Amino acid sequence: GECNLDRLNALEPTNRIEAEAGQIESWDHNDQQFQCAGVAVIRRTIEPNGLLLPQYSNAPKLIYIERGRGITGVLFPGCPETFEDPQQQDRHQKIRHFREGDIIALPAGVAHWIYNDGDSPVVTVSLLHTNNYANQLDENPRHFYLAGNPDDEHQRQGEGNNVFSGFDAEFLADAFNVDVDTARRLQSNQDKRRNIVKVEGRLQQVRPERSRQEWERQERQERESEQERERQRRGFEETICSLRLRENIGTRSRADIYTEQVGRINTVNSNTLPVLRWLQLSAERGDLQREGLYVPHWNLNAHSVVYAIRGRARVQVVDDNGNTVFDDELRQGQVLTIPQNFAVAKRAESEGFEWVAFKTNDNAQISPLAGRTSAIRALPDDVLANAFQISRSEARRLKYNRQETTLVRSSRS
Amino acid sequence: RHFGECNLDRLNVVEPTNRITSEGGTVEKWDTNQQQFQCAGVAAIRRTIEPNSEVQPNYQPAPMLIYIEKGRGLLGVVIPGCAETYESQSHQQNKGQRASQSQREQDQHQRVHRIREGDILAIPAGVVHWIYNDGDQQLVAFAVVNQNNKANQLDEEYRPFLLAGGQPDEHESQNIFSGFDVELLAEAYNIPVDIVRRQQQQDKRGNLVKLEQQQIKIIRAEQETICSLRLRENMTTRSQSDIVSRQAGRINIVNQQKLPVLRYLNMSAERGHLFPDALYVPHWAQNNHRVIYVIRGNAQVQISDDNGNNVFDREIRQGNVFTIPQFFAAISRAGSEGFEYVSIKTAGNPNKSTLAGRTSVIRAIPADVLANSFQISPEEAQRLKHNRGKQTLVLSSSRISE
Amino acid sequence: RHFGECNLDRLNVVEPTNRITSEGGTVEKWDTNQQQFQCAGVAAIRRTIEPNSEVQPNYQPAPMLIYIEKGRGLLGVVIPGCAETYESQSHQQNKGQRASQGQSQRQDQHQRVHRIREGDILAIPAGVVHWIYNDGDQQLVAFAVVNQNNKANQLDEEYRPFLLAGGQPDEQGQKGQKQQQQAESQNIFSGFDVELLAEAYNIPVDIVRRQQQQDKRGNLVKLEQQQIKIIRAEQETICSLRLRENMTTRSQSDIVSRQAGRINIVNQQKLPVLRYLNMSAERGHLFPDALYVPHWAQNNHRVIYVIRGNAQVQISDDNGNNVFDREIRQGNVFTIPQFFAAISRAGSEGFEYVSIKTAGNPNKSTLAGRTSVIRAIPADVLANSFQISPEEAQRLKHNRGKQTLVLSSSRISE
Amino acid sequence: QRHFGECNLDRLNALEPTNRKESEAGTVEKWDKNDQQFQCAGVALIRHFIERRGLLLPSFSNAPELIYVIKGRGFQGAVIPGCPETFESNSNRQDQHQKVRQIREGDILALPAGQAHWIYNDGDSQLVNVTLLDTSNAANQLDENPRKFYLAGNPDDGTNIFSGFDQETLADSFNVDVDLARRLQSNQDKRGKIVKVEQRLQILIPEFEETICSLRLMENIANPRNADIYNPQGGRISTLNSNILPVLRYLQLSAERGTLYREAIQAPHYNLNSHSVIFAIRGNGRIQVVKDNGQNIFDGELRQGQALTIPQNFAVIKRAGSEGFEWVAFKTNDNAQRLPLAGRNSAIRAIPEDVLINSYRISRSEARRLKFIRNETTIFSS
Amino acid sequence: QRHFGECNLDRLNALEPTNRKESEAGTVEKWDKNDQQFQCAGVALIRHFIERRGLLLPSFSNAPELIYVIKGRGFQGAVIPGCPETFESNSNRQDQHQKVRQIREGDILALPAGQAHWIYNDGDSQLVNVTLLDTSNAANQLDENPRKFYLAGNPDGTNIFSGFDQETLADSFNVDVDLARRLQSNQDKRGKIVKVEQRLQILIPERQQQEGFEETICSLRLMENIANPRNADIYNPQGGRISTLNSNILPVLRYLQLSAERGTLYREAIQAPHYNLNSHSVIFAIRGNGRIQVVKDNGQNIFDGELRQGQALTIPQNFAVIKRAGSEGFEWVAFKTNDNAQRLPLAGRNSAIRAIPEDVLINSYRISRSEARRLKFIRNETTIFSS
Ligand SMILES: [Cl-]
Ligand SMILES: [Cl-]
């Protein structure tokens, strides 16, 4: 009975790992609310020139980039290395660039590294879906490092904590056909830098730096023009191995649902990012203005793990007995898990509210209770009338008075 | 509890839990309660079938893959609803019929497969199967059951249902017909009670029985769609291999892209041949647990977990069984006689990442990322990526020439 | 055309349209404008490769199934993007690289090769480069059917092989490469500028000149010496796809009639890549005087290749018209169009055949025997349909007993 | 896919409702979801009795359900999230709502997890529903409890989903006066889950996300024109799976409707890939169930209104009494598959005589009789 | 899959537009859809020039299309049948429509057959589109003509409403006959691309208003940027970069059965000789120039020339092709006629020559072993070759 939850709580990180060039914070995956939903949550902060060591996990990950910009190398076994220096010097797999607003999907068992090549910190919030079918190992989240000497993110031959440390140095030297001293160093037995390490100088790799700067400068200038106009208005390497793993759900200009002056919701799911079909996960990015109201709704086929990015919202959650199981302000940095089918509404405070919600299904569905497209509107007038002991005229008010779908201005509350 | 969640700091080679001596052979069971098997969600059975003996038909609610280690014989698997397309209708019944023939009015049965050394057999969950050793040597079958397969809606208890036979007594558990009322079964089959009485008899013979009566009226190929599903595949690396290193060995991956029904079992198998002192590159399986069965030779195997702990460091020999958990890293070095093994995995499309060699994830990482990650020079990083040259999964000794 | 729409009043066994004699063997082509082949939308090639000879690597935009009638050899098929996992890196190679303290980015490796043998069927995906090497005792004889109407072929109906090497045997102002290469079929490298290829491959122009030379040896060439340096097994994971399957009915059969014969049906439920080729094959062995039950194919055309013995075959169309009534002998080729009804009776020495089919999941309806559509009709429906007694209707349904696809003679005992 | 249970069973029992909740216009009966037979199958079973003019108020559940209409007739409205309203009044003459379906005896209604629906009894007498709540379904991400989230009324005698919200949030959300928003919470409604409509119900009707709005949710399994198996002296069976009703491939559920004639036998068999939950509609039948080790775990009768769970692969046989026997069975997988053990198409018929001869130590004449003497399939005549 | 066309290709020419239709606010150019290479590919190619404040009126086509944004920026509104309007004004103080998306240089937009859309130039540069209309697609059950069904305006009345009686229009829309006749656009002489009044008002975040399966429909992504260097699939600092767009990047493409490629060759660099396994490739030259050769089945060269900006060339399925940029580099988009189009390189890493044993090459070309090893291994780059 892991979802018999009489009260929900806004949850903050309970463990923090400090490393040489960043830190890692984890929420308590043993909290009944995370057990109910089958997930673990972690927040990684990478300083400029910081390198998150190559690693893989037993669970698929959806990473939201709250702040900063950088590069990530996802390691697809058997896929050709298509980024290479000119022949006469290095070759490696494709480099992906991430920025604030990006969602990154990492299948279980796929190794990756991440590097902050900007001037401000990278902050990434990750949902580990430990209850995922792809994880036949352990309900607890596990992290397998390929390099370095990490601390366990959910606690606080070789002596190090990466996988090479579990092998005899002689075995590794033989396998890699390298000197035994070099194989010993694979074990990172003397490394004091923990999970995120500092790069001296610039990280060298094959990537389109020059053209990328010309492209980002062009967009910044288009953002500038648009901002100004607005104030004036007053082989198989091409296919599987090229699989897209990121989508910018924060893009200012994109919306799946939008009420002018009120709010917007952007969603990523398998209809937009194909790999989510295999991860069985999705995400939404929500922004509410002052008085913006996300009307009462329920998630039909998913838990919704909400991470408050900034601002504040009064959130109400109701279970199957009509009990209010949450009625409080959700604050920046906190996580609220909304169990599948529970009804929820969110009303921003005067400063507004932004959130990202990770949903435990490939194409998570919601049903609004009020407004256009709502469950109430699908009901016959006379079903409403007899169900609530009201007239058919009052029933039509409940159905049509609110002409927006999903997001609307709330003046009373 | 902790073993179920693969919280093990120490894996061991798994020894058969019990031995049943039947009239026609011996059955050894690796039960689902061994800690390594709790982690992997599997059970195993080794059956040694004497010449001219058969196994008693049985079914179970989880799928399994069977490796024929030795001998030759005949396998029956029934597929409900499929027509019986193996038959021995004679000219004399043809002529008898036409000479005066309708509904009110010598054998027919479903297809039987010749099986031999090196075959892998796919038994879907719930399908009835039986085996006949018609050879002059012992037939040895090693089966791994995926107790955690989606197909098994019961639980992790290994639960075989017998159509015939029972637990042996001197060279409880009885067949399902014993639980039915005798007269009701007779009426259902429309047969004399005494035939049902013989079906329900306590059978002290066991799970495997001598074929006292001759068996040459079984229809055999060597005398449709779902019904046409192929169930056996020869795994010898010498006839088919995905990786071949001239001086190191061969690997043959039998997944759903070789044997279609493995898509639905969500199970696969690998056969490997390591020449003396060769290695299997360090690696981890991304979407499957593995049960390894050593068929020839010996090797040094090491396994590491997510905290850098060595969890396995053993010389394994012929007949040894051990588990490699999903996500754990493993490496193998064959002894000076080489090494041969079969690996049965809990995915129909298994995927692994290798760490050394031509297709490794290390070669996929920029050298300068490796340099900073391991605190080595870019030149040391370059050798990590490139010193193995062309070899990927099976690696020649870098130490002992030959 | 009347043929392209299968409005054929008579079908006949189809003889090879071209015979091309190369240094290393012979190529026989059944070309697409044969009337039977226009109906079925197929081409066929029979290749007989002399021992220690190789086919010149080639590819084509339609899928192909290849039956190995005799011999044994090695098959190569390239899958773009798959790592080359057959290699012969040597201990001396390894030692050298390590001890130098200098290995970095700045004796062979190639893709998987398959042992093929008599009785094998080979699946060649459209567009895949393939080559054959006969390293065995006897001539290697391969019979290939190419599905020109397959969805993978976006070109047109003319059979189109592209040669990486070899050519025809015999014992804004464009810049004139077409004028230059001429000096009636060449490999694709002859169509490219010499200097461009040299730069692209980073090799001296001399090697490119030899690549582009007109090669009068043909499609099959004798090898200098035995190719001992090829690595062989017996010396998304599409790279692991199986492309060969042995059809011998004695090793596997779906239908076995002790007194009549055997059928082995190789569809996508036995060889998974057939799902994507949307082709399949069947091997049958009929005992003397046995029959193949009257039937029709619901979702495929069939090309039949007679591999042993002989039989009489009849084919009927939707008019009750006999469109085929011939005695068929070893080596004959003929077509059964989709939906046409067909029956065969083996001769005195039996009959073996291979059938190549334009569906990965073939479906046929039989008319006589244990799984026939006739047994599925109510007896009184048969009685009124045929104007026969209910007694005769019953006999139609049950006189053939437990046999379904392969039927013993009802009139001659073994 | 499915969530696991504990299937160590020694004795099955024929199960009747253990809890009964009375509403103004009907009763809801609950079988004991805690029973080990239901925990093994991973399901709960519910029966609704809806009086004339009675309305089962709109609700949704975290468990997918199959609802079998045992008797009566009426209307169902399923609320598809995001789909337009395609039933409407003639605007030049008011009402507008999503499509409604007539339902009647024999209908199976399939409801995905989280989908709201209501039901109205349009007939003259009782409308009786029996619902299978598949709590171990992959689509139920909560736990074993099959919850009912009511959009209206006060099932607990607020207690609908609107009761838990502040009236001010409700007023703003619907854009209505505060007194009208309070009525949503149904605080003083004492009528329960099933209520009498005023007069007659006024309704518009003619007189995975991949299925946007157009998917069939109902199909009749009792109609004898639909029979899959028929023997004039044995009975008839009709199966419902994704090859008949596409939505069942997403719900991973099947159903079977059985009629045995007097003294007839349903062949001994086992369910290859699912549990089977039997609900006896009418008549009575002797049933026998046998577990993995050959032990009989049920040797008794099933009568009207009783339920019996057959775990996956357990062997079962049924023989009707002298008036016959009718049931519906819910099966916990898409395309549930039976393997008969006797008769045509059976496992015994597929095994060579020579193997049976050695298995049972019978002669060939006895193995021939065993294989071939019952020439019927699945349903055996008396 | 596709309907078939004639592919007896003896000669290819670089192709430029042959028809042009001028509107008041732009220009629509059509390549010759009856030139043999487009008939063989089964495609038509079109280019729109949309001047500032120009509006490409709403229309749908029987052909699925891929639209590449050559230059500029604007908005696209696709009309998904049956889906609710999820963009709306704040009613608690007007407009309501389906979601609109900002588009810009390098965007590929995918449009199923039969689906209406409109495009607006929101910038000051001309907005330039190159659209591939896939007329042999299984989705096109008409014929090889790529038809445009206009919902408004007078593209030649000549929109869809023009052919209905106004009484039928009046009753259907429930409007007066004055407004119904307006639907027919009988007096409109502006063509297909028209100037909006002042600036177009539409709902979009931070732009405040003033004064072929359906199983994915409603939530599909329809656009992806293939020119952004950060999305490169292949990159060589002295060769260039390639980016492929297929159903593993954009799920709707699995139902359109189309792919695309965006290439940039640096000065003098080479795109390895190769062929496309499973599709035709329609190359449109975006900038610079490239030497290109195409070879057909019997080894004969059928194209030996240059491709300059604004020109298009078709490489039929399996024909071999090589490209070498000029001294200023070469940039193109290629539209490919299958889901998950795949290239088989003939030279370099991952190529057919490299997959073949040296011994076979020795006998194939009559070269020595040292020649064979150099043939296989001397170019160690993949796909894009440096200069
Ligand atoms: Cl990406
Ligand atoms: Cl989009």
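Side chains included, hydrogens not; waters and symmetry mates left out as well; all remaining heavy atoms used. So that the names make sense, note that chain A is the first sequence line, chain B the second, and so on, each numbered from 1.
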message: With a 4.5 angstrom heavy-atom cut-off, is it the side chain or the backbone of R231(A) that approaches chain E, or both, or neither?
response: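 Neither the backbone nor the side chain of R231(A) comes within 4.5 Å of chain E.
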Minimum heavy-atom distance [X]-[Y], with the two atoms named:
X	Y	result
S211(A)	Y266(E)	OG-OH, 4.2 Å
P274(A)	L250(E)	CG-N, 4.0 Å
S89(E)	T259(A)	O-CG2, 3.8 Å
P205(E)	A255(A)	CG-CB, 3.8 Å
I204(E)	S253(A)	CD1-O, 3.0 Å
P251(E)	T272(A)	CD-O, 3.7 Å

What is the distance from atom [atom1] of [X] to atom [atom2] of [Y], rounded to the nearest 0.5 Å?
X	Y	atom1	atom2	value
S219(E)	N363(A)	OG	CG	5.0 Å
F83(A)	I234(E)	CZ	CD1	7.5 Å
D256(A)	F87(E)	CG	CZ	7.5 Å
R230(E)	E216(A)	CZ	CD	4.5 Å
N271(A)	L220(E)	CG	CG	5.0 Å
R244(A)	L245(E)	CZ	CG	8.5 Å

Chain A contact via [X] - side chain, backbone, both or neither, heavy atoms under 4.5 Å:
X	answer
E85(E)	both
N225(E)	side chain
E105(E)	both
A227(E)	both
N90(E)	both
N231(E)	side chain
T244(E)	side chain
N228(E)	both
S247(E)	backbone

message: Hydrogens and angles aside, do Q403(A) and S91(E) bring a side-chain donor and acceptor to less than 3.5 Å of each other?
response: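 Absent: no donor and acceptor within the cut-off.
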task: Establish, from distance only, whether the side-chain atoms of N92(E) and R402(A) form a donor-acceptor pair under 3.5 Å.
output: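 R402(A) and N92(E) do have a side-chain donor-acceptor pair below 3.5 Å.
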query: After noting the C-alpha distance and the side-chain angles of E222(A) and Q102(E), does the key distance pass the side chain to side chain contact (heavy atoms under 4.5 Å, CB included) rule?
result: CA-CA 12 Å; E222(A) 298 189 347; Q102(E) 270 201 144; over 6 Å; no
query: Can you tell which of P345(E), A341(E), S243(E), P84(E) has the highest number of heavy-atom pairs within less than 4.5 Å of chain A?
result: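 Option with the top pair count is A341(E).
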field: Which of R101(E), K99(E), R207(E), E224(E) touches chain A most, by non-hydrogen pairs under 4.5 Å
entry: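 Ranked by heavy-atom pairs under 4.5 Å with chain A, first place is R207(E).
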- prompt: Centre of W215(A)'s six-membered ring, under 6.0 Å away, within 45 degrees of the axis: is that where NZ or CZ of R104(E) sits?
  reply: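 Yes, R104(E) sits over the ring of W215(A).
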field: Passing candidate, side-chain contact (heavy atoms from CB on, under 4.5 Å) with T239(A), options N246(E), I249(E), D339(E)
entry: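 The single option meeting the side-chain contact (heavy atoms from CB on, under 4.5 Å) with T239(A) is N246(E).
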- prompt: Is it true that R349(E) and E84(A) make a salt bridge, defined as a side-chain N closer than 4.0 Å to a carboxylate O?
  reply: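 Yes, this pair counts.
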task: Before accepting this row, confirm whether a basic side-chain N of the pair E88(E)/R372(A) lies closer than 4.0 Å to the acidic partner's carboxylate O.
output: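 Looking at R372(A) together with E88(E), the answer is yes, because their closest N to O distance falls below 4.0 Å.
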task: Could you tell me which of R264(A), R277(A), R91(A) has the largest number of non-hydrogen atom pairs under 4.5 Å with chain E?
output: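 Highest number of heavy-atom pairs under 4.5 Å: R91(A).
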field: Side chain proximity check, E206(E) to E226(A), heavy atoms < 4.5 angstrom
entry: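 No, every pair of side-chain atoms sits at 4.5 Å or beyond.
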message: One pair to check against side chain to side chain contact (heavy atoms under 4.5 Å, CB included): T86(E) and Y258(A). What are the steps and the verdict?
response: CA-CA 6 Å; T86(E) 67; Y258(A) 171 61; over 6 Å; no
field: Verdict with supporting geometry, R199(E) and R229(A), side chain to side chain contact (heavy atoms under 4.5 Å, CB included)
entry: CA-CA 11 Å; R199(E) 254 202 352 267; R229(A) 311 256 308 251; 3.6 Å; yes
Where the side chain of [X] meets the backbone of [Y], is there a donor-acceptor pair that is under 3.5 Å apart?
X	Y	value
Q238(E)	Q87(A)	no
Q208(E)	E260(A)	no
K94(A)	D233(E)	no

